Amino acid sequence: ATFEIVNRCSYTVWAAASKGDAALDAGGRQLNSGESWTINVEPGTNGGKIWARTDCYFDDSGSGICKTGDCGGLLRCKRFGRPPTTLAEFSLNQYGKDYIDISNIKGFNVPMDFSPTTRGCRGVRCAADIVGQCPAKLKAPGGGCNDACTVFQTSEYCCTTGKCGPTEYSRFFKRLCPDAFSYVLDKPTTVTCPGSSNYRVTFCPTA
């Protein structure tokens, strides 16, 4: 499956793509404002994620650091990124279907649209100004808006015991972005698409 990753932001981002234990495709690449980078993700990929990273420096070997989304200092990500990270999430060819969603469970750094380029389902979007409206205690000094698990490390925010409910903090993400996961046990906003769909992830989809 092809995922076209498009940076509409006015600033450079370094796209990242991983299933947690491995890169997807090259795993990471710089995208200047306006650039598009198409990756190929193997069918059957379960638990894939694509995200943006901001204010990165890499040296000539592809080692460095990003202020949001850093995945162990590599350009070419093999693991998930350091919060805060808006997440495009997908499992492909799961008993005949694809599942996609955007999640704010690991915080928000960059607005995002995650849409199929092929027929038979709809896209999802979290494009509100979550960084600018971020509650004081969630603001990440490094840039972006942290989820409350990252900040406070409690069973309630992290949903450790599997029994959490919504919180003042989760409710802020859900109010700004109703169509993205705001906490682990949020009512799902997962979209079912035909198996083997193709996709576009757009950073900063709206002015």
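Numbers run from 1 along the shown chain.
How was it done? The header gives X-ray crystallography, 2.3 Å.
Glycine is treated like the rest: Cβ placed from N, Cα and C.
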Problem set entry | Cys66, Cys71 - which one Swiss-Prot pairs with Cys77 by disulfide | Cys71
Exercise. For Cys193, which disulfide partner does Swiss-Prot record out of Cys121, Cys126, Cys134?
Worked result: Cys121
Exercise. According to the record in Swiss-Prot, which candidate from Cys134, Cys149 pairs with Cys145 in a disulphide?
Worked result: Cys134
Exercise. Rounded to the nearest angstrom, how far is the Cα of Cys9 (disulfide bond) from the Cα of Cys158 (disulfide bond)?
Worked result: 30
Problem set entry | Cα distance (Å, whole number) from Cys121 (disulfide bond) to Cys66 (disulfide bond) | 34
For this session: Return the member of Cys9, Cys56, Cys126, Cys149 nearest to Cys71 (disulfide bond) in space, with distance defined Cα to Cα and candidates limited to these disulfide-bonded residues.
Result: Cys56
Seminar exercise, completed: A 10 Å Cα radius around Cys164 (disulfide bond) captures, of the disulfide-bonded residues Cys9, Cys126, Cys134, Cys145, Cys149, exactly none
Exercise. Sorted by position, what residues of the same chain at least six away from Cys149 (disulfide bond) have a C-beta under 8 A from it?
Worked result: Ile105, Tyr157, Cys158, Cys159
